[PDB]
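Only one chain is included here, represented as structure tokens and corresponding to the form deposited in one PDB entry.
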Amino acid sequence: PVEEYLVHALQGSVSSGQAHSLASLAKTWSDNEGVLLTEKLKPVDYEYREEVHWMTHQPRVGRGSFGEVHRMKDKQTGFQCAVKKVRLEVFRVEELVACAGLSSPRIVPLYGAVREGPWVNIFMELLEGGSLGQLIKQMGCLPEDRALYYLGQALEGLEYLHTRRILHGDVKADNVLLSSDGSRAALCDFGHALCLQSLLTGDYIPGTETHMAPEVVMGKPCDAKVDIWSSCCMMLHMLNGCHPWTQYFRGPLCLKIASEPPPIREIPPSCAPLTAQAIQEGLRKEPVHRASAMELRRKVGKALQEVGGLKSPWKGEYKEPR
């Protein structure tokens, strides 16, 4: 009964507070209200409005799929961080309910979320290295040791999420952010996230088509293993410099994911045996036979050891795709 009253006290105002208050308030998002989780972003007289209390970077350059992520600055404190705009009308409660209260170096920290009119503005740490997607484009494709190194870090994040029965729902290079030197990778974008205990029912927004697991596309029941398939599709993208399936099939790719064998022919022949063995185990069509996050993180960790550890520089020379 008191949660009713706690929620009412948050509605109508932007406040400094904790993750659990943000989650409580976020649930009412299917007027300027919100909760800011860091001292660096401060409301002013119950408010936190764009171009008043915080401003985006000089010419408005945008990143992510929809150009919806921006560099910003709190006008009072001068602290810079990142903001992701989500339209309120299609806002998914889970995006905040999942990541709020998490604390792992493999997941990008949440700094707050403020509703203003038709927007939900979600604030987070600005990681200056850019996404792993941008790295692949710039370098053409990644060397094996660097590819393993990041896959392992992504899988560390997934262990952490899977232990709390949270599915990421859209694991890929565009959703892994790198620190300024390239040595730390963290999962971002919980817009497709999901709490656990099939996916094709009403509320569900599907992830990236190329990285979809077979049980997702056939409408079969789905668990945390979904993410593992995606992580290995991301592995192939890092190595080959292109998504799986795109090179061999032009038409609707979700029909070929269902019928065809898993894309293990796309594993480079020059990869070391345990790299190829690891990718095969994460790309088993039946989730019961497919490696878990913990299982796969351990193999990938030894696969990296088997090729002499992380040696190649962050931004080496361009390597041509397939």
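One rule holds for the numbers: they count along the sequence shown, beginning at 1. We call the rigid core whatever largest set of C-alpha positions still superposes within 1.5 Å between the two forms.
Just so you know, the form deposited in another entry exists too; it's not on screen, but the next bit is about it.
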Report task. Considering only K42, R284, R63, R297, single out the residue whose C-alpha is displaced by at least 2 Å between this form and the one not shown after superposing the rigid core. Result -> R63
Query raised in the report: Quick one: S65 and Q134 C-alpha atoms, closer or farther in the other entry compared with this form (3 angstroms or more)?
Result: farther
Query raised in the report: Closer or farther: how do the CA atoms of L127 and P59 lie in the other entry, compared with the form shown, if the change is at least 3 Å?
Result: closer
